[PDB]
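Asks: Contents of coords_28.pdb (PDB, C-alpha atoms (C1' of nucleotides) and all ligand atoms) are given next:
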```
ATOM      1  CA  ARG Q   7      71.933 102.014  70.256  1.00  0.00           C
ATOM      2  CA  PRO Q   8      73.283 105.394  71.514  1.00  0.00           C
ATOM      3  CA  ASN Q   9      75.074 105.853  74.865  1.00  0.00           C
ATOM      4  CA  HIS Q  10      76.715 108.486  77.114  1.00  0.00           C
ATOM      5  CA  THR Q  11      79.895 106.445  76.822  1.00  0.00           C
ATOM      6  CA  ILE Q  12      81.953 105.568  73.745  1.00  0.00           C
ATOM      7  CA  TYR Q  13      84.182 102.506  73.458  1.00  0.00           C
ATOM      8  CA  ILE Q  14      87.572 102.836  71.804  1.00  0.00           C
ATOM      9  CA  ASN Q  15      89.846  99.847  71.141  1.00  0.00           C
ATOM     10  CA  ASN Q  16      92.941  99.129  68.994  1.00  0.00           C
ATOM     11  CA  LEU Q  17      95.206 101.555  70.852  1.00  0.00           C
ATOM     12  CA  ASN Q  18      98.972 101.593  71.414  1.00  0.00           C
ATOM     13  CA  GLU Q  19      99.109  99.534  74.613  1.00  0.00           C
ATOM     14  CA  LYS Q  20     102.528 100.773  75.778  1.00  0.00           C
ATOM     15  CA  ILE Q  21     101.151 104.230  76.504  1.00  0.00           C
ATOM     16  CA  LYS Q  22     100.978 104.846  80.272  1.00  0.00           C
ATOM     17  CA  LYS Q  23      97.483 105.222  81.750  1.00  0.00           C
ATOM     18  CA  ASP Q  24      98.361 108.590  83.371  1.00  0.00           C
ATOM     19  CA  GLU Q  25      99.377 110.060  80.003  1.00  0.00           C
ATOM     20  CA  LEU Q  26      96.839 108.143  77.890  1.00  0.00           C
ATOM     21  CA  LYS Q  27      93.744 109.728  79.457  1.00  0.00           C
ATOM     22  CA  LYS Q  28      95.081 113.269  78.851  1.00  0.00           C
ATOM     23  CA  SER Q  29      95.808 112.442  75.188  1.00  0.00           C
ATOM     24  CA  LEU Q  30      92.165 111.414  74.759  1.00  0.00           C
ATOM     25  CA  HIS Q  31      90.797 114.178  77.015  1.00  0.00           C
ATOM     26  CA  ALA Q  32      92.454 116.836  74.840  1.00  0.00           C
ATOM     27  CA  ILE Q  33      91.091 115.136  71.711  1.00  0.00           C
ATOM     28  CA  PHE Q  34      87.604 114.549  73.169  1.00  0.00           C
ATOM     29  CA  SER Q  35      86.949 117.585  75.407  1.00  0.00           C
ATOM     30  CA  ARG Q  36      85.954 119.366  72.191  1.00  0.00           C
ATOM     31  CA  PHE Q  37      82.597 117.548  71.970  1.00  0.00           C
ATOM     32  CA  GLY Q  38      81.130 118.007  75.458  1.00  0.00           C
ATOM     33  CA  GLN Q  39      81.805 117.937  79.190  1.00  0.00           C
ATOM     34  CA  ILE Q  40      83.553 114.635  79.875  1.00  0.00           C
ATOM     35  CA  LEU Q  41      82.521 113.313  83.287  1.00  0.00           C
ATOM     36  CA  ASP Q  42      85.324 110.712  83.436  1.00  0.00           C
ATOM     37  CA  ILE Q  43      87.665 108.690  81.213  1.00  0.00           C
ATOM     38  CA  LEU Q  44      88.122 105.056  82.225  1.00  0.00           C
ATOM     39  CA  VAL Q  45      91.390 103.479  81.117  1.00  0.00           C
ATOM     40  CA  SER Q  46      93.115 100.361  82.429  1.00  0.00           C
ATOM     41  CA  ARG Q  47      96.053  98.285  81.207  1.00  0.00           C
ATOM     42  CA  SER Q  48      95.053  94.921  82.697  1.00  0.00           C
ATOM     43  CA  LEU Q  49      95.155  91.915  80.329  1.00  0.00           C
ATOM     44  CA  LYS Q  50      91.441  92.344  79.527  1.00  0.00           C
ATOM     45  CA  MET Q  51      91.142  96.158  79.516  1.00  0.00           C
ATOM     46  CA  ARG Q  52      94.321  97.251  77.701  1.00  0.00           C
ATOM     47  CA  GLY Q  53      94.445  98.948  74.285  1.00  0.00           C
ATOM     48  CA  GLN Q  54      90.961 100.322  74.912  1.00  0.00           C
ATOM     49  CA  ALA Q  55      89.211 103.278  76.591  1.00  0.00           C
ATOM     50  CA  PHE Q  56      85.757 104.435  77.746  1.00  0.00           C
ATOM     51  CA  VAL Q  57      84.768 108.104  77.506  1.00  0.00           C
ATOM     52  CA  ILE Q  58      81.782 109.307  79.542  1.00  0.00           C
ATOM     53  CA  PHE Q  59      79.997 112.432  78.291  1.00  0.00           C
ATOM     54  CA  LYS Q  60      77.518 114.849  79.871  1.00  0.00           C
ATOM     55  CA  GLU Q  61      75.278 114.673  76.797  1.00  0.00           C
ATOM     56  CA  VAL Q  62      74.386 111.655  74.657  1.00  0.00           C
ATOM     57  CA  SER Q  63      74.358 113.959  71.619  1.00  0.00           C
ATOM     58  CA  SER Q  64      77.986 114.892  72.357  1.00  0.00           C
ATOM     59  CA  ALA Q  65      79.036 111.209  72.352  1.00  0.00           C
ATOM     60  CA  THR Q  66      77.260 110.725  69.012  1.00  0.00           C
ATOM     61  CA  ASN Q  67      79.035 113.856  67.756  1.00  0.00           C
ATOM     62  CA  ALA Q  68      82.452 112.478  68.751  1.00  0.00           C
ATOM     63  CA  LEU Q  69      81.673 109.042  67.297  1.00  0.00           C
ATOM     64  CA  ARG Q  70      80.672 110.080  63.772  1.00  0.00           C
ATOM     65  CA  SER Q  71      83.480 112.666  63.557  1.00  0.00           C
ATOM     66  CA  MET Q  72      86.568 110.622  64.452  1.00  0.00           C
ATOM     67  CA  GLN Q  73      86.018 106.979  63.423  1.00  0.00           C
ATOM     68  CA  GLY Q  74      89.374 105.460  62.410  1.00  0.00           C
ATOM     69  CA  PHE Q  75      91.267 108.583  63.508  1.00  0.00           C
ATOM     70  CA  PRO Q  76      95.066 108.113  63.434  1.00  0.00           C
ATOM     71  CA  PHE Q  77      95.896 108.224  67.147  1.00  0.00           C
ATOM     72  CA  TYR Q  78      99.356 107.159  68.348  1.00  0.00           C
ATOM     73  CA  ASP Q  79     100.162 105.498  64.981  1.00  0.00           C
ATOM     74  CA  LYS Q  80      96.899 103.515  65.185  1.00  0.00           C
ATOM     75  CA  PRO Q  81      93.347 103.981  63.884  1.00  0.00           C
ATOM     76  CA  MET Q  82      90.815 104.745  66.604  1.00  0.00           C
ATOM     77  CA  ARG Q  83      88.103 102.092  66.622  1.00  0.00           C
ATOM     78  CA  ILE Q  84      85.106 103.796  68.231  1.00  0.00           C
ATOM     79  CA  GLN Q  85      81.726 102.222  68.951  1.00  0.00           C
ATOM     80  CA  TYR Q  86      78.902 102.953  71.425  1.00  0.00           C
ATOM     81  CA  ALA Q  87      78.807 101.442  74.912  1.00  0.00           C
ATOM     82  CA  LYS Q  88      76.461  98.449  75.136  1.00  0.00           C
ATOM     83  CA  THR Q  89      75.651  99.287  78.770  1.00  0.00           C
ATOM     84  CA  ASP Q  90      75.934 102.638  80.593  1.00  0.00           C
ATOM     85  CA  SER Q  91      78.493 103.300  83.336  1.00  0.00           C
ATOM     86  CA  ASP Q  92      77.863 102.744  87.063  1.00  0.00           C
ATOM     87  CA  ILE Q  93      78.056 106.547  87.448  1.00  0.00           C
ATOM     88  CA  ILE Q  94      75.198 107.019  84.926  1.00  0.00           C
ATOM     89  CA  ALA Q  95      72.876 104.055  85.692  1.00  0.00           C
ATOM     90  CA  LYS Q  96      71.378 105.365  88.949  1.00  0.00           C
TER      91      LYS Q  96
ATOM     92  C1'   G F   1     124.764  74.639 132.568  1.00  0.00           C
ATOM     93  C1'   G F   2     122.548  73.325 128.170  1.00  0.00           C
ATOM     94  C1'   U F   3     117.706  72.971 125.263  1.00  0.00           C
ATOM     95  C1'   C F   4     112.889  74.743 123.919  1.00  0.00           C
ATOM     96  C1'   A F   5     109.366  78.267 124.553  1.00  0.00           C
ATOM     97  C1'   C F   6     108.390  83.174 127.192  1.00  0.00           C
ATOM     98  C1'   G F   7     109.360  89.170 127.343  1.00  0.00           C
ATOM     99  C1'   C F   8     107.322  92.266 133.431  1.00  0.00           C
ATOM    100  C1'   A F   9     112.536  93.923 133.365  1.00  0.00           C
ATOM    101  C1'   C F  10     118.240  94.557 134.577  1.00  0.00           C
ATOM    102  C1'   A F  11     123.045  95.595 132.279  1.00  0.00           C
ATOM    103  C1'   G F  12     125.867  95.977 127.647  1.00  0.00           C
ATOM    104  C1'   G F  13     124.587  97.408 123.535  1.00  0.00           C
ATOM    105  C1'   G F  14     122.701  96.969 118.322  1.00  0.00           C
ATOM    106  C1'   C F  15     119.646  98.077 113.819  1.00  0.00           C
ATOM    107  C1'   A F  16     117.597 102.680 111.616  1.00  0.00           C
ATOM    108  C1'   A F  17     111.499 104.675 109.220  1.00  0.00           C
ATOM    109  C1'   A F  18     110.385 109.507 107.255  1.00  0.00           C
ATOM    110  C1'   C F  19     113.223 113.328 105.327  1.00  0.00           C
ATOM    111  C1'   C F  20     117.755 115.294 102.958  1.00  0.00           C
ATOM    112  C1'   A F  21     122.428 114.703 100.077  1.00  0.00           C
ATOM    113  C1'   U F  22     124.513 111.349  96.411  1.00  0.00           C
ATOM    114  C1'   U F  23     125.021 107.140  93.262  1.00  0.00           C
ATOM    115  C1'   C F  24     122.678 103.153  90.400  1.00  0.00           C
ATOM    116  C1'   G F  25     117.781 101.909  88.118  1.00  0.00           C
ATOM    117  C1'   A F  26     112.915 102.623  82.813  1.00  0.00           C
ATOM    118  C1'   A F  27     110.310 102.155  87.498  1.00  0.00           C
ATOM    119  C1'   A F  28     109.253 100.111  91.877  1.00  0.00           C
ATOM    120  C1'   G F  29     113.344 100.427  94.685  1.00  0.00           C
ATOM    121  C1'   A F  30     118.353  99.588  96.457  1.00  0.00           C
ATOM    122  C1'   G F  31     123.527 101.272  97.783  1.00  0.00           C
ATOM    123  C1'   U F  32     126.416 105.290 100.679  1.00  0.00           C
ATOM    124  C1'   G F  33     126.633 109.369 104.203  1.00  0.00           C
ATOM    125  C1'   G F  34     123.684 112.396 107.353  1.00  0.00           C
ATOM    126  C1'   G F  35     119.115 111.487 110.334  1.00  0.00           C
ATOM    127  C1'   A F  36     115.860 108.612 114.146  1.00  0.00           C
ATOM    128  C1'   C F  37     110.039 106.660 113.428  1.00  0.00           C
ATOM    129  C1'   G F  38     110.254 102.616 115.545  1.00  0.00           C
ATOM    130  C1'   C F  39     112.063  97.124 116.063  1.00  0.00           C
ATOM    131  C1'   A F  40     113.856  91.341 121.049  1.00  0.00           C
ATOM    132  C1'   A F  41     115.767  89.164 115.683  1.00  0.00           C
ATOM    133  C1'   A F  42     113.884  95.865 112.134  1.00  0.00           C
ATOM    134  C1'   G F  43     120.152  89.557 111.672  1.00  0.00           C
ATOM    135  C1'   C F  44     120.250  86.672 107.200  1.00  0.00           C
ATOM    136  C1'   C F  45     117.157  83.809 102.923  1.00  0.00           C
ATOM    137  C1'   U F  46     111.787  84.969  98.004  1.00  0.00           C
ATOM    138  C1'   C F  47     110.095  78.505  99.313  1.00  0.00           C
ATOM    139  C1'   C F  48     104.292  80.135 100.209  1.00  0.00           C
ATOM    140  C1'   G F  49     100.154  84.204 100.324  1.00  0.00           C
ATOM    141  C1'   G F  50      99.626  89.705  99.704  1.00  0.00           C
ATOM    142  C1'   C F  51     101.227  94.420  98.018  1.00  0.00           C
ATOM    143  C1'   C F  52     104.511  97.742  94.613  1.00  0.00           C
ATOM    144  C1'   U F  53     106.867  98.289  89.593  1.00  0.00           C
ATOM    145  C1'   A F  54     106.225  97.716  83.690  1.00  0.00           C
ATOM    146  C1'   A F  55     111.945  99.245  80.130  1.00  0.00           C
ATOM    147  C1'   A F  56     112.687  95.112  76.946  1.00  0.00           C
ATOM    148  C1'   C F  57     110.973  90.211  75.478  1.00  0.00           C
ATOM    149  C1'   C F  58     106.197  86.975  74.725  1.00  0.00           C
ATOM    150  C1'   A F  59     100.669  86.649  74.284  1.00  0.00           C
ATOM    151  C1'   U F  60      96.143  89.416  73.928  1.00  0.00           C
ATOM    152  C1'   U F  61      91.324  93.521  69.347  1.00  0.00           C
ATOM    153  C1'   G F  62      89.949  92.766  74.672  1.00  0.00           C
ATOM    154  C1'   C F  63      83.180  95.816  77.167  1.00  0.00           C
ATOM    155  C1'   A F  64      84.854  97.800  81.812  1.00  0.00           C
ATOM    156  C1'   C F  65      83.378 100.909  86.754  1.00  0.00           C
ATOM    157  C1'   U F  66      86.263  94.604  93.243  1.00  0.00           C
ATOM    158  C1'   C F  67      90.887  93.306  91.245  1.00  0.00           C
ATOM    159  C1'   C F  68      93.426  90.025  88.036  1.00  0.00           C
ATOM    160  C1'   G F  69      98.876  87.401  81.834  1.00  0.00           C
ATOM    161  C1'   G F  70     103.322  84.960  81.463  1.00  0.00           C
ATOM    162  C1'   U F  71     107.924  87.221  81.900  1.00  0.00           C
ATOM    163  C1'   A F  72     111.031  89.966  84.885  1.00  0.00           C
ATOM    164  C1'   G F  73     112.384  92.824  89.137  1.00  0.00           C
ATOM    165  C1'   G F  74     111.167  94.954  94.418  1.00  0.00           C
ATOM    166  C1'   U F  75     109.411  94.743  99.517  1.00  0.00           C
ATOM    167  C1'   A F  76     112.713  90.253 104.925  1.00  0.00           C
ATOM    168  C1'   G F  77     110.187  97.172 108.193  1.00  0.00           C
ATOM    169  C1'   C F  78     103.216  93.112 104.681  1.00  0.00           C
ATOM    170  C1'   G F  79     102.500  88.608 106.806  1.00  0.00           C
ATOM    171  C1'   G F  80     103.815  83.086 106.748  1.00  0.00           C
ATOM    172  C1'   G F  81     107.888  79.679 106.716  1.00  0.00           C
ATOM    173  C1'   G F  82     113.264  78.851 106.906  1.00  0.00           C
ATOM    174  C1'   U F  83     118.068  79.723 109.472  1.00  0.00           C
ATOM    175  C1'   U F  84     121.610  81.991 112.989  1.00  0.00           C
ATOM    176  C1'   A F  85     122.101  84.922 117.373  1.00  0.00           C
ATOM    177  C1'   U F  86     121.990  88.369 122.632  1.00  0.00           C
ATOM    178  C1'   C F  87     120.440  89.531 128.090  1.00  0.00           C
ATOM    179  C1'   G F  88     118.409  86.328 131.688  1.00  0.00           C
ATOM    180  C1'   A F  89     112.816  89.473 136.626  1.00  0.00           C
ATOM    181  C1'   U F  90     113.741  83.817 143.727  1.00  0.00           C
ATOM    182  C1'   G F  91     112.469  84.635 135.570  1.00  0.00           C
ATOM    183  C1'   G F  92     108.978  79.401 132.712  1.00  0.00           C
TER     184        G F  92
HETATM  185  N1  LIG Z   1     118.813  91.546 125.802  1.00  0.00           N
HETATM  186  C1  LIG Z   1     117.518  91.273 125.515  1.00  0.00           C
HETATM  187  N2  LIG Z   1     116.553  91.914 126.219  1.00  0.00           N
HETATM  188  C2  LIG Z   1     115.236  91.685 125.981  1.00  0.00           C
HETATM  189  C3  LIG Z   1     114.864  90.720 124.937  1.00  0.00           C
HETATM  190  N3  LIG Z   1     113.525  90.676 124.897  1.00  0.00           N
HETATM  191  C4  LIG Z   1     113.073  91.546 125.832  1.00  0.00           C
HETATM  192  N4  LIG Z   1     114.087  92.149 126.482  1.00  0.00           N
HETATM  193  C5  LIG Z   1     113.926  93.153 127.570  1.00  0.00           C
HETATM  194  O1  LIG Z   1     112.586  93.658 127.567  1.00  0.00           O
HETATM  195  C6  LIG Z   1     112.563  95.028 127.151  1.00  0.00           C
HETATM  196  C7  LIG Z   1     111.469  95.263 126.113  1.00  0.00           C
HETATM  197  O2  LIG Z   1     111.592  94.436 124.959  1.00  0.00           O
HETATM  198  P1  LIG Z   1     110.526  94.638 123.763  1.00  0.00           P
HETATM  199  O3  LIG Z   1     108.869  94.642 124.430  1.00  0.00           O
HETATM  200  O4  LIG Z   1     110.658  93.406 122.476  1.00  0.00           O
HETATM  201  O5  LIG Z   1     110.909  96.082 123.161  1.00  0.00           O
HETATM  202  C8  LIG Z   1     112.256  96.367 122.797  1.00  0.00           C
HETATM  203  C9  LIG Z   1     112.517  96.121 121.325  1.00  0.00           C
HETATM  204  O6  LIG Z   1     111.352  96.302 120.516  1.00  0.00           O
HETATM  205  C10 LIG Z   1     113.528  97.183 120.949  1.00  0.00           C
HETATM  206  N5  LIG Z   1     114.844  96.529 120.780  1.00  0.00           N
HETATM  207  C11 LIG Z   1     115.957  96.749 121.504  1.00  0.00           C
HETATM  208  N6  LIG Z   1     116.988  95.978 121.075  1.00  0.00           N
HETATM  209  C12 LIG Z   1     116.527  95.248 120.046  1.00  0.00           C
HETATM  210  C13 LIG Z   1     117.085  94.232 119.128  1.00  0.00           C
HETATM  211  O7  LIG Z   1     118.381  93.846 119.247  1.00  0.00           O
HETATM  212  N7  LIG Z   1     116.265  93.707 118.181  1.00  0.00           N
HETATM  213  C14 LIG Z   1     114.960  94.091 118.055  1.00  0.00           C
HETATM  214  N8  LIG Z   1     114.189  93.533 117.092  1.00  0.00           N
HETATM  215  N9  LIG Z   1     114.395  95.018 118.867  1.00  0.00           N
HETATM  216  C15 LIG Z   1     115.114  95.612 119.856  1.00  0.00           C
HETATM  217  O8  LIG Z   1     113.562  98.157 121.995  1.00  0.00           O
HETATM  218  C16 LIG Z   1     112.598  97.834 122.999  1.00  0.00           C
HETATM  219  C17 LIG Z   1     113.175  98.102 124.378  1.00  0.00           C
HETATM  220  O9  LIG Z   1     114.385  97.372 124.535  1.00  0.00           O
HETATM  221  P2  LIG Z   1     115.249  97.502 125.886  1.00  0.00           P
HETATM  222  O10 LIG Z   1     115.439  99.216 126.340  1.00  0.00           O
HETATM  223  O11 LIG Z   1     116.844  96.744 125.657  1.00  0.00           O
HETATM  224  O12 LIG Z   1     114.376  96.683 126.967  1.00  0.00           O
HETATM  225  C18 LIG Z   1     113.959  95.359 126.642  1.00  0.00           C
HETATM  226  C19 LIG Z   1     114.842  94.337 127.318  1.00  0.00           C
HETATM  227  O13 LIG Z   1     115.309  94.841 128.565  1.00  0.00           O
HETATM  228  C20 LIG Z   1     115.959  90.049 124.208  1.00  0.00           C
HETATM  229  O14 LIG Z   1     115.670  89.148 123.233  1.00  0.00           O
HETATM  230  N10 LIG Z   1     117.233  90.367 124.540  1.00  0.00           N
HETATM  231 MG    MG Z   2     118.956 100.062 127.086  1.00  0.00          MG
HETATM  232 MG    MG Z   3     106.522  86.704  96.638  1.00  0.00          MG
END
```
Render the structure in this file as structure tokens.

Replies:
Amino acid sequence: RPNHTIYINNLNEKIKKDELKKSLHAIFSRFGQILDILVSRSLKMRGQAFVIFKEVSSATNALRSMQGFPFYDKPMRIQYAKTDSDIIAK
RNA sequence: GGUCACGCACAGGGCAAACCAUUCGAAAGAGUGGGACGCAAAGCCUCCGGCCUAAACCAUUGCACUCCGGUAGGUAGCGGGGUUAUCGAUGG
């Protein structure tokens, strides 16, 4: 069930999108070349983030290394992406 | 002459985008002064659609790459609608 993208939920929702990406990017750049980080704060898509990696191995690396990680007072709930991104599926 | 539409003007004007200064605001943004991009209602009003904001409240653990909660505020120079008003092409 591995994927280029990893799905994080259970995040402090009152963190601004602009800032939020960077906070993850600094934490997650260390595993591979991140193509893009998708973050929204709409009713459905808040408190959660998608991180797209260059390598699938790098997404696996990030997943098994930081599960439950205390991030903004909250544990990081990471799981694989069920479906790839529109930028990958091509 | 009203009145209701119309804008090809005349004459008298009026308002003031951006930007800057300053104040308020969490922000969008607004106030004031300077400034003029434009505007025949660019006068005034959030009732209706859009767009902008997200500090606090309230709900949501939620799988996206169209965008989307209530709540609240903003935009009348985003339309729509409302309401008042000016000049008057041998004007219609
Ligand atoms: N008195 C009067 N005259 C009218 C009216 N409608 C049309 N006109 C005449 O027609 C010209 C052009 O009007 P416009 O195409 O709406 O274009 C206008 C308009 O967009 C703008 N403007 C001037 N005054 C006002 C105003 O009080 N309100 C608004 N919204 N726009 C204005 O400047 C442009 C040129 O205006 P002008 O040099 O005065 O020249 C005007 C004026 O001579 C009206 O309701 N009243
Ligand atoms: Mg004139
Ligand atoms: Mg509205």

Asks: Could you produce a table of the residues of chain F lying within 9 Å of ligand MG 2 (chain Z), with the nearest pair of atoms per residue and their separation in Å rounded to one decimal, using all atoms listed in the file, ordered by chain and increasing residue number, as CSV?

Replies:
```
residue,atom,partner,partner_atom,distance
F:11,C1',Z:MG2,MG,8.0
F:12,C1',Z:MG2,MG,8.0
F:13,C1',Z:MG2,MG,7.2
```

Asks: Which residues sit within 10 Å of ligand LIG 1 (chain Z), counting all atoms listed in the file, listed as a count of residues only?

Replies: 21

Asks: As a ChimeraX atom specification, please: the residues near residue 26 in chain Q (cut-off 9 Å, only C-alpha atoms (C1' of nucleotides), same-chain neighbours under 5 positions excluded).

Replies: /Q:21,31,45

Asks: Find, counting all atoms listed in the file, the residue in Q:60, Q:70, Q:83, Q:50 that gets nearest to chain F.

Replies: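 Nearest to chain F: Q:50.
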
Asks: So which residues get picked by the PyMOL selection byres ((chain F) within 7 of (chain Q)) here, written as a ChimeraX atom specification?

Replies: /F:60-62,64-65,69

Asks: Keeping C-alpha atoms (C1' of nucleotides) for every residue in the selection just given, could you write it to a file as a PDB file, in the coordinates of the input?

Replies:
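This went into out-v9.pdb:
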```pdb
ATOM      1  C1'   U F  60      96.143  89.416  73.928  1.00  0.00           C
ATOM      2  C1'   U F  61      91.324  93.521  69.347  1.00  0.00           C
ATOM      3  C1'   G F  62      89.949  92.766  74.672  1.00  0.00           C
ATOM      4  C1'   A F  64      84.854  97.800  81.812  1.00  0.00           C
ATOM      5  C1'   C F  65      83.378 100.909  86.754  1.00  0.00           C
ATOM      6  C1'   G F  69      98.876  87.401  81.834  1.00  0.00           C
TER       7        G F  69
END
```

Asks: Using all atoms of range 74-81 of chain F that appear in the file, construct an axis-aligned enclosing box with 6 Å of padding on every side and provide its centre coordinates and edge lengths in Å, rounded to one decimal, as lines of an AutoDock Vina configuration file.

Replies:
```
center_x = 107.6
center_y = 88.4
center_z = 101.3
size_x = 22.2
size_y = 29.5
size_z = 25.8
```

Asks: Tell me, as a list in words, which residues lie within 9 Å of residue 27 in chain F, counting all atoms listed in the file; anything in the same chain fewer than 4 positions away does not count.

Replies: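 What passes the distance filter is residues 53, 54 and 55 of chain F.
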
Asks: Please identify the residues whose atoms come within 8 Å of ligand MG 3 (chain Z), using only C-alpha atoms (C1' of nucleotides) and all ligand atoms, and report them as a PDB file with C-alpha atoms (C1' of nucleotides), in the frame of the given file.

Replies:
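Contents of out.pdb, freshly written:
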```
ATOM      1  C1'   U F  46     111.787  84.969  98.004  1.00  0.00           C
ATOM      2  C1'   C F  48     104.292  80.135 100.209  1.00  0.00           C
ATOM      3  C1'   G F  49     100.154  84.204 100.324  1.00  0.00           C
TER       4        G F  49
END
```

Asks: CA of residue 58 in chain Q and CA of residue 82 in chain Q, how far apart in Å?

Replies: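 Pair CA of residue 82 in chain Q / CA of residue 58 in chain Q returns 16.4 Å.
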
Asks: Could you check which residues have any atom within 8 Å of (107.5, 92.3, 82.2), counting all atoms listed in the file with coordinates taken straight from the file, and then list them as a PyMOL selection string?

Replies: chain F and resi 54+56-57+71-72

Asks: Find the residues near residue 23 in chain F: any atom within 12 Å, counting only C-alpha atoms (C1' of nucleotides), skip ones fewer than 3 places away on the same chain, and give them as a ChimeraX atom specification.

Replies: /F:30-33
